[PDB]
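Working notes for the structure below.
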Amino acid sequence: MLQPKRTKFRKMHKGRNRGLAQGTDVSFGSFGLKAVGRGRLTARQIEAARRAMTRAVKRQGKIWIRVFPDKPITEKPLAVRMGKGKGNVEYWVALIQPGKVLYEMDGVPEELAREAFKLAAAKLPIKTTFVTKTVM
Amino acid sequence: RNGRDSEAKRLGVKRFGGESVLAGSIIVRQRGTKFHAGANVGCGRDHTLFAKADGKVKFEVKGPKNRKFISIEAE
Amino acid sequence: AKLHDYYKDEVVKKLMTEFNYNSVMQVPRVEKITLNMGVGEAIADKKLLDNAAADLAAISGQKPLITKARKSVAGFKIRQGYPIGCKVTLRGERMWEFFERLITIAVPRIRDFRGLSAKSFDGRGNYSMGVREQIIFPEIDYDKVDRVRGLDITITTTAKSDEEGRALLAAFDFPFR
Amino acid sequence: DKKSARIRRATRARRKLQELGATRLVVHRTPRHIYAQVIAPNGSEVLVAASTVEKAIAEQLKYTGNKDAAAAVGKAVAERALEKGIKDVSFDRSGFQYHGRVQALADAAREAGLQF
Amino acid sequence: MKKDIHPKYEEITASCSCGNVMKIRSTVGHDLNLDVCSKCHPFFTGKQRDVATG
Amino acid sequence: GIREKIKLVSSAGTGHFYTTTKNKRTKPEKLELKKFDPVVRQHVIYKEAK
RNA sequence: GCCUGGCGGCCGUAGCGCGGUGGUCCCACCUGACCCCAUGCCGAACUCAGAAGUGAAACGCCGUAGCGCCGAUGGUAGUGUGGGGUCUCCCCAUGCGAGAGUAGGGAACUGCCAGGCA
RNA sequence: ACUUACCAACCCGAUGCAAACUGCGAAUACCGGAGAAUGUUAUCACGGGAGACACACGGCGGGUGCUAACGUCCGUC
RNA sequence: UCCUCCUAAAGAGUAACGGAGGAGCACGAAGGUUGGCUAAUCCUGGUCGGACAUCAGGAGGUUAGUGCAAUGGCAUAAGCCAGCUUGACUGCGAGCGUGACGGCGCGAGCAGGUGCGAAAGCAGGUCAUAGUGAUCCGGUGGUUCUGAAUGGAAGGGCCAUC
RNA sequence: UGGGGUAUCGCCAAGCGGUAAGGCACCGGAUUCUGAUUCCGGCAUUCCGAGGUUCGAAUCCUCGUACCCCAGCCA
RNA sequence: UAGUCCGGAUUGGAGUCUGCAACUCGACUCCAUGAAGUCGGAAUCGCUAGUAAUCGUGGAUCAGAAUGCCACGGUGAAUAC
RNA sequence: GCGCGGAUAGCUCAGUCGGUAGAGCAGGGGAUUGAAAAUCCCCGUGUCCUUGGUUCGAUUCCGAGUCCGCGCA
Ligand SMILES: [K+]
Ligand SMILES: [Mg+2]
Ligand SMILES: [Mg+2]
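Residue numbers (PDB author numbering), protein chains in the order written: chain Z, 1 to 136; chain j, 11 to 85; chain S, 2 to 178; chain b, 2 to 117; chain L, 1 to 54; chain o, 4 to 53.
Okay, here's the thing in structure tokens:
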């Protein structure tokens, strides 16, 4: 599980998730798993999907996780009233918008990249698509 | 462990550009010298900029550091 | 002024001959000679630094400037602005007189003298060496020493490269093993 | 840099005199000349200028660039400035110590009638 | 230099066993007897006897 | 805190006093300040670090 | 007209870096220091008396875009008002409209006074 | 002093994130000045009388909550 | 209770048992002025001397410093060093800011007297924003202002102050 | 989970911001046929781990760890 | 009256002898070096007169190697209620 | 299901910035003894529960399991 090594403040406000994404082209690799839905992704979903990919295209290839969590999500325990402070940091999510290339892959044929990205897009909560490295 | 904040100090620009002032009028109550004193403007002890002559407030950008002066045009 | 005159004829002429300079002023000249004695054991004793100051007062012909600590560091148990060394900046006539005594009579009185290292340039021609005894200067009375106190010399010159400082210093014959 | 160090020494009194709005007598000392010029309160335009590079001053001097030369220049700026209706200036020493021949120049300008 | 805070730095005459009579300024305040000078010190013979071992 | 309050009394015949604060521990010496005396209307020496 | 010095406007299209050049005057380094004055030591700096020597450094000027800097048009984001949906987010009409990036521009321009040369 | 499938500072190139980051920066709002039309002075000051100081939902911007609540706490309509 | 940032929607203000931190002082120099100076860190060389105490040179640019939090400031330095000093003055104050009020804040200038500077000038505390407590009651010093027949005094007032 | 306390030589236990004190033990010598007792000498913890304030931290502050004590209620 | 002209350990250099052969690993000499040690904690030992103490000399083993062992003499106590 | 403490030599247990596996007892060899006990010295072929992964290298760090035990609305 991914999590920043050392923050600056422990608890972040909710804020909103509007507009489109910045990481949009397949930059590092050759094939990409790009988001279409909005959503947000916990570190467990990123790890689950990465294990599905790494298993699927065996220890050949090279995989880039282009998103990183760095946003702490706090929850209140059970049978605790409202108020009395902000909750506790339970997990860490990345906020996703439509357009984020969530993962990249290189060093495989395209048909294995289709296969691993299908296998791993079923571990994520957002609708997802397959993209290739377009040249300009 | 939290739950405290100071009282709001009501800083900022009190007279804007082109706004006619009397002598003595505070123009920008502020905290450092975010705005510097120009012609006919004095800077108080807490970096309050006040009209030293009558006229009109003139916000400008001068000098090699692009500082934000405040002059007063005699009027 | 003996080595200053010797400079003004034969070292200026000699270095204009060796290196193919155009300007007569492009030649290296020695700017200053700083004598530091960074005592450090004066964290507990003041008379020890006073005796150090008397020794640099004897070796050069000037009062030294007792230097203070720039930062506080705890590795050596010091504090900000605590006096920890003393130095003399010799320049002008006294630079040449001290340089004459140094290369003439002080350097040969070094114990087990093999020569001064030629790789003790800081890249910009400026020599710096260290003596381990203050006894090697003929002024320091051997019967009046209490602590052995070396010091470090630094010849600062106007040469750009360090081979150019090899040339400048070596034209005073300045031993160079 | 020696020149840049001098200018940052000058700057406080320069900006203060531009803030008050007084006609300033800017001096300028060089190892063989002294220069003196009276500058309007807008700072752009000069009024009076004398110096040792002028042959009207330089011919009657032994050496341009000592205290006698500077006293001659101060006398000249005071004379020309009184001829052009300027009476009360403020002395801009322009980064030099008020000690040597800038003191000689300014004392000589005060003897010959220029009010500061 | 300033006034009298500095030690008295008067010209003396050093003389070693090499016959090198040499007058210099030094604040000893006394004439000087030496053995080794820059002229006739075993520096080059010293380097030779250093290398000449094996 | 530790820093005490003292009266700088006037050296002229008046009873006029300024008042201020002194660290009594680190500065045990008395405090003499040529302040302004408005009854005499003149700058007189003031004494008495209490 | 060209060059140099001073004081300004302007505040990176103006600054950096690389390369070339200048000293008759100017400037800078320089020469000396018992004096005016100075160094928590030192004429290094400050200061004074000078002018032998060099433009090496510095500074100015001329090139050079390697960089900094400026920067459209178009599109995108956002958004005021009115309306709509599948409504934690968007769409429509309409008004404003970036930031980044691209083409490109670009090694400043100028006022007063003073001196040197023609 | 001799080797090394391990990690890795700084620097450079490329990619993201930030309420408590900003070498950029809107719309709107706000303050000031001038002008036309319209409005039963709508404005300000002073004086008589109050009441009220438990608010609710709905849009938009948010905090909290689980972007839960016909939840809670603000801003604005 | 008070200070700083965010929430806070680009003027001000704005809530919650919202997210983060601090104060209840220090200083007679750490204030005033005049004159001067410019950091951190790293590299290289160098006696003890070391990763890091002093010296010299270079790169670097304020990543430093600011008596103590944070924010905004600061090179003309508000940072650092030295000389002389008491303006850390007294009476006022055009005009403003800010509060429901009590109150709080900024203030050119006027008068008297002063410090620094050759002078222009600057100085009514500190780079700014925290470092605090109404009234009553009472204590101390000054001032015939009052002083229950009258002259005093007691007590009260006024000014300073605890 | 909150509040309080403790962590210092092998063990139990003192430490005041400028130095680590005691007992038992352990080590060496002596007494003794030998061991215990005894006697004479010694040593000894840079102070739980990390960061910070300070010229300087066992000492002060913050965080983590490990062990104790008190509370964790009315419905 | 000193760590000293005490003390001689340790160490460097230069040697002599014996012995096939002195590196491990002799003895002695010369020059240089010059520690610790200033009368010894608890405790413990020997000695009753030519004794203890102190001073030298010899021998056996042995090519060379004793501060040990076995002998020899010189000076020569104190004390035993 | 959730929160914890355990699995290391035949037995009973230690063991944190990852560095060639530790102790006591047991067992074996030796010294000692008339002989033995005792005492002293020496000696560990341990998949550090399984399995993957990270690292040059894992008892130790991460991911997933097996068994034992303790507690829980
Ligand atoms: K064992
Ligand atoms: Mg077992
Ligand atoms: Mg166990």
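For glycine and all other residues, C-beta sits at the position ideal for the given N, C-alpha and C.
{"Item": "Contact set between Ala58 (chain S) and chain L, taken where Cβ atoms lie within less than 7 Å", "Value": "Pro7"}
{"Item": "Same chain, Cβ closer than 8 Å to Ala43 (chain S), neighbours up to 5 away in sequence not counted", "Value": "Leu49, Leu50, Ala53, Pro84 and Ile85"}
{"Item": "Stretch pair the stretch 7-19 of chain o + the stretch 127-143 of chain S: three plus CB contacts closer than 8 Å", "Value": "no"}
{"Item": "Given 8 Å, three or more beta-carbon pairs between the stretch 33-45 of chain j and the stretch 71-86 of chain Z", "Value": "no"}
{"Item": "When j:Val23, j:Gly13, j:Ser16 and j:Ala18 are compared against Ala61 (chain j), the one with the closest alpha-carbon", "Value": "j:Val23"}
{"Item": "CB contact check: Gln135 (chain S) to chain L, cutoff 8 Å", "Value": "no"}
{"Item": "Selected residue, minimal CA-CA separation from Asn50 (chain j), among j:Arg41, j:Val67, j:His57 and j:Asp56", "Value": "j:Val67"}
{"Item": "Which of helix, strand or coil DSSP assigns to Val67 (chain Z)", "Value": "coil"}
{"Item": "Burial state of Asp50 (chain L) (16 or more Cβ within 10 Å)", "Value": "exposed"}
{"Item": "Within-8 Å CB hit, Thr53 (chain L) to chain S", "Value": "no"}
{"Item": "Proximity to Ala58 (chain S) [Cα-Cα], best of L:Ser15, L:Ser26 and L:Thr13", "Value": "L:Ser26"}
{"Item": "For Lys64 (chain S) and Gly39 (chain S), the rounded distance between their alpha carbons", "Value": "15 Å"}
{"Item": "Other residues of its chain near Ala109 (chain b): CB distance less than 6 Å, five sequence neighbours each side excluded", "Value": "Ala72, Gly75 and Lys76"}
{"Item": "Close beta carbons around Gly4 (chain o), own chain, < 8 Å, minus the five adjacent residues each side", "Value": "none"}
{"Item": "Proximal residues, the stretch 107-138 of chain S versus chain L, C-beta separation under 8 Å", "Value": "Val108, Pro109, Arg110, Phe114, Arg115 and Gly116"}
{"Item": "Span of the alpha helix (DSSP H) around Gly75 (chain b)", "Value": "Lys68 to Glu84"}
{"Item": "Separation of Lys85 (chain b) from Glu46 (chain b), as counted between CA atoms", "Value": "14 Å"}
{"Item": "Beta-carbon neighbours of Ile104 (chain S), restricted to chain L and to distances below 7 Å", "Value": "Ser38"}
{"Item": "Three-state secondary structure assigned by DSSP to residue 183 (chain S)", "Value": "Absent from the model: residue 183 (chain S). The displayed extent of chain S is 2 to 178, so no value can be given."}
{"Item": "Residues within the stretch 150-177 of chain S neighbouring chain L, beta-carbon criterion of under 8 Å", "Value": "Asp174 and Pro176"}
{"Item": "The stretch 99-114 of chain S / the stretch 123-139 of chain S touching (three or more Cβ pairs under 8 Å)", "Value": "yes"}
{"Item": "Proximity below 8 Å, CB of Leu18 (chain b) to CB of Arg25 (chain b)", "Value": "yes"}
{"Item": "is_contact[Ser17 (chain L), chain S] using C-beta, thresh 8 Å", "Value": "no"}
{"Item": "Min CB distance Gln81 (chain S) to chain L below 8 Å", "Value": "no"}
{"Item": "Contacts that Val28 (chain L) makes with chain S (C-beta to C-beta distance below 7 Å)", "Value": "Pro139 and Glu140"}
{"Item": "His46 (chain o), enclosing beta strand (DSSP E) - first and last residue", "Value": "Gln45 to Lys50"}
{"Item": "Delimiting residues of the alpha helix (DSSP H) encompassing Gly166 (chain S)", "Value": "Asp163 to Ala171"}
{"Item": "At least three beta-carbon pairs within less than 8 Å, the stretch 160-177 of chain S to the stretch 7-23 of chain S", "Value": "yes"}
{"Item": "Nearest-angstrom Cα separation, counted from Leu11 (chain o) out to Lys53 (chain o)", "Value": "8 Å"}
{"Item": "C-alpha distance - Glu35 (chain o) paired with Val42 (chain o), whole-angstrom precision", "Value": "19 Å"}
{"Item": "Chain L contacts from the stretch 85-105 of chain S (Cβ-Cβ distance under 7 Å)", "Value": "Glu98, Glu101, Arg102, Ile104 and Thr105"}
{"Item": "Length of the line joining the Cα atoms of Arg81 (chain b) and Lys56 (chain b)", "Value": "16 Å"}
{"Item": "Burial state of residue 139 (chain j) (16 or more Cβ within 10 Å)", "Value": "The displayed coordinates of chain j run from 11 to 85. Any statement about residue 139 (chain j) would go beyond what the structure contains."}
{"Item": "8 Å Cβ cutoff, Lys64 (chain S) in contact with chain L", "Value": "yes"}
{"Item": "Beta-bridge pairing of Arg25 (chain L) - partner residues as DSSP gives them", "Value": "L:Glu11"}
{"Item": "Range of the contiguous beta strand (DSSP E) that encloses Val31 (chain S)", "Value": "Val31 to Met38"}
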